[PDB]
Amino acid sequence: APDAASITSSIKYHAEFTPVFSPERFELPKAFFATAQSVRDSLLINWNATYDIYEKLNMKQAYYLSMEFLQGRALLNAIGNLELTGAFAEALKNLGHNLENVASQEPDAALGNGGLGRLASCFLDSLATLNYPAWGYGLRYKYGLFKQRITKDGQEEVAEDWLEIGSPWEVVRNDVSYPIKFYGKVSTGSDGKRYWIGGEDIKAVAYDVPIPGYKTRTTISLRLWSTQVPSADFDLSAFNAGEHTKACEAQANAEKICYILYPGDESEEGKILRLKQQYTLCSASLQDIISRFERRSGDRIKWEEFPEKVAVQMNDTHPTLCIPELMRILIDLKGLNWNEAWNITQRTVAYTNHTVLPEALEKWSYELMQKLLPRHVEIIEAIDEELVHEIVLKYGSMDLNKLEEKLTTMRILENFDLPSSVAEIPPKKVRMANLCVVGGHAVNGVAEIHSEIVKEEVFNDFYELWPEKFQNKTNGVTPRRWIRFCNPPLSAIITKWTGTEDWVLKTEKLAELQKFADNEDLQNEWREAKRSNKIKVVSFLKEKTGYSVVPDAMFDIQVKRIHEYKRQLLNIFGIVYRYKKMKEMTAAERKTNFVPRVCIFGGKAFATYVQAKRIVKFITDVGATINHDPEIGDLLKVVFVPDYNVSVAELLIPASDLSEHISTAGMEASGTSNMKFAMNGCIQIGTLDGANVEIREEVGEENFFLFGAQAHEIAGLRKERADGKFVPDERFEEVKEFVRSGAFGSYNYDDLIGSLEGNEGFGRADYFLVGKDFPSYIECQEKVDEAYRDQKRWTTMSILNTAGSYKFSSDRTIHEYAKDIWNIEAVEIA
């Protein structure tokens, strides 16, 4: 029962006896580490309690495998879920600090990139909160993806520093090490078994990150792998000879696996590295899982119970090698026969798809994979032949020519010969998505429309064969992190007006706000909370962008990966149009025509994506002029927040008035940031695409700003443009010409506008229809202007967004996964 007193003693204790700094003074960094270690003490108690119960009881356990987890900062959520925010705040008060200052010392854990990773993270919170026996498995990336800086020249990339001192959270398990093999050869023994000898041998060591549940003792693990080699592999002979690099070579090759996330793969070395990362994740994870299965089993070890005890979820095609690897282990190591192993495999593994287009599903060079994982490629070839025989059986050999088409689309190997075709240099590839739909008992999309697109467009034939496999699991975000903790002002309101705090768990109770949406008292509280959140942001923007902005203005935010298809370019074009129209007006007219706005951009551009970077540069330049133009004042500000991450999101989302989700219609599978915006009472402007659809439905069409073409239209409108029919709006041309004038920039921008012109060519002819949708967009923004002027209306919309968000709780998503795929049951930790 930790109180302010015990926590104070705890923090002091750690500062002295588990130091990572000099004894003098109690600065912020020291205070953070000591605080974090105090928190971790509690986490470990419950982690052990959970671990023990799970071990003794031997229920079925689920394992979520992902190449990214976007964990963010742990501190406030850890104390939050533990219900010690008050005690820790008081203890820090006693030590001459405040909670918010200490929490800001913590770096975001750079273990992921985007929604894929954040989904996994939200899931871990839900899994723990709901008492579900499940773990995450990932790689412990040293330098993350990259830290973004915004210079005069725009985006620059620099390696992450999050481990420079180290993580106070993680728990290294020195006794939890597993061998990983690469390269080498396969050979048959006199016993008839396959033996994969030789190659490179490395180790994978476990680091546990405890994940505590909300108002429970259930604390699960995010177990991360770090790759290394023994000290003995250091070549003294080389080093003493002066060949210092050559000496370090083995450990360098081993460790780089865990250096950065999504390493550049234009190079052969890059591709090899990627494949190693995947294999490392799959193999280390599986070995650890199987070890745990073997333990718990005691004397009797019934392998046919494996799927009744183990579920493995593959977050995207990255953990695909789980299928071949689990086969390899069950056959070569455990001695099972093909059918037994294949049964167990399928009943264990499941797949989640996040992609709309069939291109963008992972493929590998056959030669490359076969060189690196020879034994795996054997097992893949086998699995593929079994499929070829099952196709021929089912469809028969009466129609032909179509059967050939059904093989060409469904086969796991691409440009391969076939065993015995009745029938009468293109490169050979392995299709990982196909492998996933074959080796797994379940395939799910992340939104209702998306899941339908999986069954109808991408995996049509497989859907025909095995309808029972296909599912949907609409995405979610945790209300702990994304309401309760990131937005205390609002949380207080919800607790008041729903009459309880139960909503953090029973989030459907948000719907009870509907009936009060027009109440003037609630409206005032609501407007005050939103204003409060914006203050925190104003200082943030000051210190990070250099620009002073006012509250009392619409916060219009677009925070996501910089890509042409996300159409940051559309938003900023809208901003520049509005700017031009200002300017060509008197002061009095400006105030009557446009409401005050702070337009906030955020997100990272792929370093080698020339256009993406150009766009970031454009935005910063637009801001440069607008923000210093004295005729604009505090009517319009444009800022680009550097280094968008979970922490930034936790700051901006609570303070957001409008959020932009304006990707070319279709394209997006789901999206999650929109769900968090909605939860915080943000109003969304976006296309009919991804989760926008389900959100718009649940919040109400009147409380969402829809614009632009739709999924059905796109193909036709591209077939416009080509043929040479498309006519641009005059206002769009006006923006382009205003840019070319030099208005914002010594900087060129000709190659930027270039992408929007023409009717053919790669990287040209406005593929993403910024021009086409530009009209409906700026028109829609005028409507936003109107709504914002009517604060009674605007606030009602805000309230209804929060009231209709409850189904996007990740608790709902995980209840679904738990019951309909993994088949696991809650477990109480008294």
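Note that residue numbering begins at 1 and tracks the sequence as displayed.
Where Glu424 is followed by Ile425 in the displayed chain, the model omits 10 or more of the deposited residues that sit between the two. The stretch with the higher mean CA B factor, choosing between 755-763 and 369-377, is 755-763. Across the two stretches, 249-257 and 571-579, the PDB entry reports the greater mean Cα temperature factor for 571-579.
Of the candidates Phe744, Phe677, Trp162, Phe540, the deposited coordinates give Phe744 the top C-alpha B factor. Highest C-alpha temperature factor among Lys534, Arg73, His628, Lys203, as the PDB entry reports it: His628. Split the chain's modelled residues into thirds by C-alpha temperature factor. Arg223 is in the lowest one. Ranked against the other modelled residues of its chain, the C-alpha B-factor of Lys402 as given in the entry falls in the highest third. When all modelled residues of the chain are sorted by CA temperature factor, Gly396 is found within the highest third. Sorting the modelled residues of the chain by their CA temperature factor places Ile824 in the middle third. Ranked by Cα temperature factor within the chain, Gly700 sits in the middle third according to the deposited record.
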